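Here's the structure we're looking at; comments come further down.
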Amino acid sequence: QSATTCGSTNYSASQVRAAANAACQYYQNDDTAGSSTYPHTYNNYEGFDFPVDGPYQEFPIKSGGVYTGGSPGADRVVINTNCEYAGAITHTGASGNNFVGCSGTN
């Protein structure tokens, strides 16, 4: 949600909304405006927790900027296929694998 916290790496309602309004208007508008596989559709394999319905779209965040490192990165924000922010995920204490949820997610 607005003012989302990914373990230690906090994100303002401004950060959440910046990266979200970005893929919202860059995922399926009439372009990609991303690296390659970010923005992109949410995989399927090892489907993590997110309310609403889906499909979803990922966007790996950063501590002040959208369109940054996607694997490595850890910290990511993920929206629904319109504009509804589903929630954020992060490799904060994953050992480069085990993803945990952000802002009340697990």
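Ligands are numbered from 1 in the order shown, chains are lettered A, B, ... in the order of the structure tokens, and residues start at 1 in each chain.
Look at residue 29 of chain A: the protein and nucleic acid residues within 12 Å of it, using only C-alpha atoms and passing over chain neighbours fewer than 4 places away, are residues 21, 22, 23, 24, 25, 33, 39, 81, 82 and 83 of chain A.
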Keeping N, CA, C and O atoms for every residue in the selection just given, could you write it to a file as a PDB file, in the first residue's frame?
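The result, stored in selection21.pdb:
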```
ATOM      1  N   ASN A  21       2.454   4.072 -10.976  1.00  0.00           N
ATOM      2  CA  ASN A  21       1.897   4.831 -12.083  1.00  0.00           C
ATOM      3  C   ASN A  21       2.761   4.598 -13.333  1.00  0.00           C
ATOM      4  O   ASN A  21       2.288   4.811 -14.453  1.00  0.00           O
ATOM      5  N   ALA A  22       4.015   4.140 -13.147  1.00  0.00           N
ATOM      6  CA  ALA A  22       4.923   3.920 -14.259  1.00  0.00           C
ATOM      7  C   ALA A  22       4.480   2.671 -15.018  1.00  0.00           C
ATOM      8  O   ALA A  22       3.963   2.810 -16.127  1.00  0.00           O
ATOM      9  N   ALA A  23       4.667   1.461 -14.459  1.00  0.00           N
ATOM     10  CA  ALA A  23       4.216   0.249 -15.159  1.00  0.00           C
ATOM     11  C   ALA A  23       2.728   0.311 -15.499  1.00  0.00           C
ATOM     12  O   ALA A  23       2.321  -0.292 -16.483  1.00  0.00           O
ATOM     13  N   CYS A  24       1.900   1.010 -14.711  1.00  0.00           N
ATOM     14  CA  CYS A  24       0.481   1.133 -15.020  1.00  0.00           C
ATOM     15  C   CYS A  24       0.325   1.732 -16.422  1.00  0.00           C
ATOM     16  O   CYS A  24      -0.488   1.241 -17.205  1.00  0.00           O
ATOM     17  N   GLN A  25       1.110   2.775 -16.736  1.00  0.00           N
ATOM     18  CA  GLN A  25       1.096   3.442 -18.030  1.00  0.00           C
ATOM     19  C   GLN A  25       2.189   2.951 -18.999  1.00  0.00           C
ATOM     20  O   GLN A  25       2.297   3.515 -20.082  1.00  0.00           O
ATOM     21  N   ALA A  33       8.760   0.253 -22.370  1.00  0.00           N
ATOM     22  CA  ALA A  33       9.551   1.275 -21.687  1.00  0.00           C
ATOM     23  C   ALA A  33      10.172   0.752 -20.398  1.00  0.00           C
ATOM     24  O   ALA A  33      10.002   1.296 -19.306  1.00  0.00           O
ATOM     25  N   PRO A  39       9.180  -3.728 -17.069  1.00  0.00           N
ATOM     26  CA  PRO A  39       7.924  -4.411 -16.796  1.00  0.00           C
ATOM     27  C   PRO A  39       7.699  -5.647 -17.669  1.00  0.00           C
ATOM     28  O   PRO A  39       8.253  -5.761 -18.761  1.00  0.00           O
ATOM     29  N   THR A  81      -3.322  -5.813 -13.539  1.00  0.00           N
ATOM     30  CA  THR A  81      -3.409  -5.442 -14.947  1.00  0.00           C
ATOM     31  C   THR A  81      -4.337  -4.290 -15.323  1.00  0.00           C
ATOM     32  O   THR A  81      -5.197  -4.408 -16.194  1.00  0.00           O
ATOM     33  N   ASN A  82      -4.135  -3.160 -14.650  1.00  0.00           N
ATOM     34  CA  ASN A  82      -4.845  -1.933 -14.885  1.00  0.00           C
ATOM     35  C   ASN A  82      -3.950  -0.863 -14.274  1.00  0.00           C
ATOM     36  O   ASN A  82      -3.160  -0.232 -14.972  1.00  0.00           O
ATOM     37  N   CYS A  83      -4.096  -0.696 -12.960  1.00  0.00           N
ATOM     38  CA  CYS A  83      -3.378   0.277 -12.141  1.00  0.00           C
ATOM     39  C   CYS A  83      -3.420  -0.014 -10.629  1.00  0.00           C
ATOM     40  O   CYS A  83      -2.824   0.749  -9.869  1.00  0.00           O
TER      41      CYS A  83
END
```
Quiz item: Contacts of segment 3-19 of chain A at 7 Å or less, counting only C-alpha atoms, minus same-chain residues fewer than 5 places along, as a PyMOL selection string?
Solution: chain A and resi 59+61+64+66+75+90+92+102-103
Go ahead and dump the residues you just picked, N, CA, C and O atoms, as a PDB file, in the first residue's frame.
```pdb
ATOM      1  N   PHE A  59       7.819  -4.591 -11.404  1.00  0.00           N
ATOM      2  CA  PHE A  59       8.651  -3.413 -11.601  1.00  0.00           C
ATOM      3  C   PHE A  59       9.651  -3.394 -10.447  1.00  0.00           C
ATOM      4  O   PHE A  59       9.254  -3.084  -9.324  1.00  0.00           O
ATOM      5  N   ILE A  61      11.983  -1.946  -7.909  1.00  0.00           N
ATOM      6  CA  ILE A  61      12.220  -0.608  -7.381  1.00  0.00           C
ATOM      7  C   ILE A  61      13.656  -0.403  -6.951  1.00  0.00           C
ATOM      8  O   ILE A  61      14.544  -1.237  -7.121  1.00  0.00           O
ATOM      9  N   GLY A  64      14.741   5.652  -4.573  1.00  0.00           N
ATOM     10  CA  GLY A  64      14.648   6.937  -5.247  1.00  0.00           C
ATOM     11  C   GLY A  64      14.804   6.815  -6.758  1.00  0.00           C
ATOM     12  O   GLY A  64      15.732   7.400  -7.316  1.00  0.00           O
ATOM     13  N   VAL A  66      12.619   4.713 -10.492  1.00  0.00           N
ATOM     14  CA  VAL A  66      11.957   3.630 -11.209  1.00  0.00           C
ATOM     15  C   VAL A  66      12.860   3.249 -12.393  1.00  0.00           C
ATOM     16  O   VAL A  66      13.681   4.064 -12.814  1.00  0.00           O
ATOM     17  N   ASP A  75      14.244  -5.881  -3.951  1.00  0.00           N
ATOM     18  CA  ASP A  75      13.085  -5.020  -3.756  1.00  0.00           C
ATOM     19  C   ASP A  75      12.339  -4.711  -5.056  1.00  0.00           C
ATOM     20  O   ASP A  75      12.895  -4.128  -5.987  1.00  0.00           O
ATOM     21  N   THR A  90      10.298  -8.704  -1.769  1.00  0.00           N
ATOM     22  CA  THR A  90      11.713  -8.378  -1.644  1.00  0.00           C
ATOM     23  C   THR A  90      12.643  -9.517  -1.216  1.00  0.00           C
ATOM     24  O   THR A  90      12.273 -10.314  -0.355  1.00  0.00           O
ATOM     25  N   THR A  92      15.000  -9.403   0.780  1.00  0.00           N
ATOM     26  CA  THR A  92      15.684  -8.761   1.910  1.00  0.00           C
ATOM     27  C   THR A  92      16.493  -9.709   2.804  1.00  0.00           C
ATOM     28  O   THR A  92      17.574  -9.346   3.265  1.00  0.00           O
ATOM     29  N   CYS A 102       6.163  -7.484   1.555  1.00  0.00           N
ATOM     30  CA  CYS A 102       6.307  -6.145   2.107  1.00  0.00           C
ATOM     31  C   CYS A 102       4.945  -5.587   2.528  1.00  0.00           C
ATOM     32  O   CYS A 102       3.906  -6.041   2.055  1.00  0.00           O
ATOM     33  N   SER A 103       4.970  -4.583   3.413  1.00  0.00           N
ATOM     34  CA  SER A 103       3.809  -3.883   3.950  1.00  0.00           C
ATOM     35  C   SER A 103       2.636  -4.778   4.370  1.00  0.00           C
ATOM     36  O   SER A 103       1.586  -4.773   3.728  1.00  0.00           O
TER      37      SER A 103
END
```
Name the residues in contact with residue 38 of chain A at a cut-off of 7 Å, using only C-alpha atoms, excluding same-chain residues fewer than 3 positions from it; report them as a PDB file with N, CA, C and O atoms, in the first residue's frame.
```pdb
ATOM      1  N   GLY A  34      10.896  -0.336 -20.596  1.00  0.00           N
ATOM      2  CA  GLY A  34      11.605  -1.100 -19.587  1.00  0.00           C
ATOM      3  C   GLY A  34      12.854  -1.759 -20.157  1.00  0.00           C
ATOM      4  O   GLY A  34      13.151  -1.626 -21.344  1.00  0.00           O
ATOM      5  N   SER A  35      13.573  -2.479 -19.290  1.00  0.00           N
ATOM      6  CA  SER A  35      14.803  -3.174 -19.631  1.00  0.00           C
ATOM      7  C   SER A  35      14.534  -4.230 -20.704  1.00  0.00           C
ATOM      8  O   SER A  35      15.000  -4.094 -21.834  1.00  0.00           O
ATOM      9  N   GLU A  58       5.254  -6.791 -12.842  1.00  0.00           N
ATOM     10  CA  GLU A  58       6.333  -6.437 -11.928  1.00  0.00           C
ATOM     11  C   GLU A  58       7.090  -5.184 -12.359  1.00  0.00           C
ATOM     12  O   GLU A  58       7.005  -4.761 -13.508  1.00  0.00           O
ATOM     13  N   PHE A  59       7.819  -4.591 -11.404  1.00  0.00           N
ATOM     14  CA  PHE A  59       8.651  -3.413 -11.601  1.00  0.00           C
ATOM     15  C   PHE A  59       9.651  -3.394 -10.447  1.00  0.00           C
ATOM     16  O   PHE A  59       9.254  -3.084  -9.324  1.00  0.00           O
ATOM     17  N   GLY A  70      17.045  -5.217 -12.206  1.00  0.00           N
ATOM     18  CA  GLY A  70      16.071  -6.292 -12.090  1.00  0.00           C
ATOM     19  C   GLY A  70      16.837  -7.610 -12.095  1.00  0.00           C
ATOM     20  O   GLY A  70      17.240  -8.072 -13.160  1.00  0.00           O
TER      21      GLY A  70
END
```
Exercise. Could you find all residues in chain A that DSSP calls strand (DSSP E or B) from the backbone, and write them as a VMD selection string?
Key: chain A and resid 4 to 6 9 to 11 40 to 41 56 to 60 76 to 80 85 to 90 100 to 101
Filtering to N, CA, C and O atoms, could you give me those residues as a compact mmCIF listing (two decimals), in the first residue's frame?
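For reference, again06.txt as written:
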```
# COMPACT_ATOMS: atom_id res chain seq x y z
N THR A 4 4.82 1.88 1.88
CA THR A 4 5.14 0.46 1.92
C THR A 4 6.56 0.28 2.44
O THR A 4 7.44 1.06 2.10
N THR A 5 6.79 -0.75 3.28
CA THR A 5 8.09 -1.03 3.85
C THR A 5 8.47 -2.47 3.53
O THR A 5 7.74 -3.40 3.87
N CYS A 6 9.62 -2.63 2.86
CA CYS A 6 10.19 -3.91 2.47
C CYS A 6 11.32 -4.24 3.44
O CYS A 6 12.49 -4.06 3.13
N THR A 9 14.32 -1.57 4.01
CA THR A 9 14.24 -0.64 2.90
C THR A 9 12.81 -0.10 2.78
O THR A 9 11.94 -0.73 2.18
N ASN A 10 12.58 1.09 3.37
CA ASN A 10 11.29 1.76 3.37
C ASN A 10 11.04 2.48 2.05
O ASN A 10 11.99 2.82 1.34
N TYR A 11 9.76 2.69 1.71
CA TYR A 11 9.33 3.36 0.49
C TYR A 11 8.10 4.22 0.76
O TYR A 11 7.05 3.72 1.16
N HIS A 40 6.87 -6.56 -17.16
CA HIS A 40 6.47 -7.81 -17.80
C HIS A 40 5.36 -8.45 -16.99
O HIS A 40 5.09 -8.03 -15.86
N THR A 41 4.73 -9.48 -17.56
CA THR A 41 3.66 -10.22 -16.91
C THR A 41 4.24 -11.01 -15.74
O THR A 41 5.41 -11.38 -15.76
N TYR A 56 -0.83 -9.96 -12.91
CA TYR A 56 -0.04 -8.87 -12.36
C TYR A 56 1.12 -8.50 -13.28
O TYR A 56 1.38 -9.17 -14.28
N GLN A 57 1.81 -7.41 -12.92
CA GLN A 57 2.95 -6.87 -13.65
C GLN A 57 3.99 -6.40 -12.64
O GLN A 57 3.65 -5.68 -11.70
N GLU A 58 5.25 -6.79 -12.84
CA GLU A 58 6.33 -6.44 -11.93
C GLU A 58 7.09 -5.18 -12.36
O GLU A 58 7.00 -4.76 -13.51
N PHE A 59 7.82 -4.59 -11.40
CA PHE A 59 8.65 -3.41 -11.60
C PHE A 59 9.65 -3.39 -10.45
O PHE A 59 9.25 -3.08 -9.32
N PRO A 60 10.93 -3.72 -10.66
CA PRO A 60 11.89 -3.74 -9.59
C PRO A 60 12.24 -2.30 -9.18
O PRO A 60 12.72 -1.52 -10.00
N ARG A 76 11.06 -5.10 -5.09
CA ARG A 76 10.16 -4.94 -6.23
C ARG A 76 8.75 -4.58 -5.80
O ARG A 76 8.30 -4.99 -4.73
N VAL A 77 8.07 -3.79 -6.64
CA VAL A 77 6.69 -3.39 -6.47
C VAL A 77 5.96 -4.10 -7.60
O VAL A 77 6.51 -4.22 -8.70
N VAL A 78 4.74 -4.55 -7.34
CA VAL A 78 3.96 -5.30 -8.32
C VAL A 78 2.48 -4.87 -8.28
O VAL A 78 1.85 -4.87 -7.22
N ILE A 79 1.95 -4.50 -9.46
CA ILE A 79 0.58 -4.02 -9.69
C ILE A 79 -0.27 -5.09 -10.38
O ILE A 79 0.24 -6.14 -10.78
N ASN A 80 -1.57 -4.79 -10.53
CA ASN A 80 -2.58 -5.60 -11.20
C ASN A 80 -2.63 -5.10 -12.64
O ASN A 80 -2.05 -4.05 -12.94
N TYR A 85 -2.30 -1.31 -7.25
CA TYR A 85 -1.12 -1.80 -6.55
C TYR A 85 -1.49 -3.03 -5.70
O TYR A 85 -2.21 -2.90 -4.70
N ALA A 86 -0.99 -4.21 -6.09
CA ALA A 86 -1.27 -5.48 -5.43
C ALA A 86 -0.43 -5.65 -4.17
O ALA A 86 -0.93 -6.14 -3.16
N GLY A 87 0.85 -5.24 -4.22
CA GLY A 87 1.76 -5.32 -3.10
C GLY A 87 3.20 -5.44 -3.59
O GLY A 87 3.44 -5.65 -4.78
N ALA A 88 4.15 -5.29 -2.66
CA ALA A 88 5.58 -5.38 -2.94
C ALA A 88 6.15 -6.65 -2.33
O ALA A 88 5.63 -7.19 -1.35
N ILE A 89 7.25 -7.11 -2.94
CA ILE A 89 7.99 -8.31 -2.57
C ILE A 89 9.48 -7.94 -2.51
O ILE A 89 9.88 -6.96 -3.13
N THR A 90 10.30 -8.70 -1.77
CA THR A 90 11.71 -8.38 -1.64
C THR A 90 12.64 -9.52 -1.22
O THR A 90 12.27 -10.31 -0.36
N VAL A 100 10.25 -12.61 0.33
CA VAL A 100 9.36 -12.30 1.44
C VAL A 100 8.50 -11.13 0.99
O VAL A 100 8.85 -10.41 0.05
N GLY A 101 7.37 -10.94 1.67
CA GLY A 101 6.42 -9.89 1.34
C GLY A 101 6.72 -8.59 2.08
O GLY A 101 7.43 -8.58 3.08
```
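For the set A:54, A:96, A:104, A:47, the residue with the smallest atom-to-atom gap to residue 72 of chain A is A:96, counting only C-alpha atoms.
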